[PDB]
């Protein structure tokens, strides 16, 4: 229990039910709201993530920024057999926690965790990971990467008509350059979902940006 991330994992291992994704999510959200705040998308914004997945029904989903595995577990529990969630995480210590969290929650057969920076892995997705085009992307890494990685996904041929981009924290801490680009571009159709910062009462929101073709 030397780091906050280790303490979150240990709380799950001691209080949640093995193989039960819902139980894992509830243990993380309770510990973080009351004992140690952490940057998981959380239970309130997580209901918005769930609704986007339920409506669009992606089969190939990419996540940028895994942290401790909360959002990977939350999205994977909604996917159909044979779906794939690929999640990219730059920090090795967080990647090791994420794989343990995914294993414990019972969702490992749906998840492929990649250790590395988003901008190094994105150009490898077709030839090394067998991706054709993505159905959905969850953007939740450092906010200065949202716009350059959106441009890189397009340049690498990974977006099709109907691909869903869903971005966390577009208000707090904010992603203004990303928002101005997708909202002004004729290549995206955008919807804003206003909510709150995880575990707290500061206002936040997510943006859904649906690709329309080049």
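Rigid core: the largest C-alpha set superposing within 1.5 Å between the two forms. Residue numbers count along the first chain shown, from 1.
Rigid core fits of the other structures in 7 other deposited structures of this protein place the C-alpha atoms of one stretch farther away on average; of 198 to 206 and 17 to 25, that stretch is 17 to 25. Greater average departure of CA atoms from the shown form, over structures and residues in 7 other deposited structures of this protein after a core fit, characterises 8 to 16 among 186 to 194 and 8 to 16. On average the C-alpha atoms of 29 to 37 have higher B-factors than those of the other stretch, with 29 to 37 and 64 to 72 being the two compared.
Mean CA temperature factor is higher for 78 to 86 when stretches 78 to 86 and 104 to 112 are set side by side in the entry. Taking only the listed residues 144, 120, 140, 132, the entry reports the highest CA temperature factor at 132.
Among all modelled residues in its chain, residue 149 ranks in the lowest third by Cα B-factor. Compared with the other modelled residues of the chain, the Cα B-factor recorded for residue 42 ranks in the lowest third. In the deposited entry, the Cα temperature factor of residue 156 places it in the highest third of its chain's modelled residues. Ranked by C-alpha B-factor against the other modelled residues of its chain, residue 98 falls in the lowest third. In this PDB entry, residue 24 carries a Cα temperature factor that places it within the lowest third of its chain's modelled residues.
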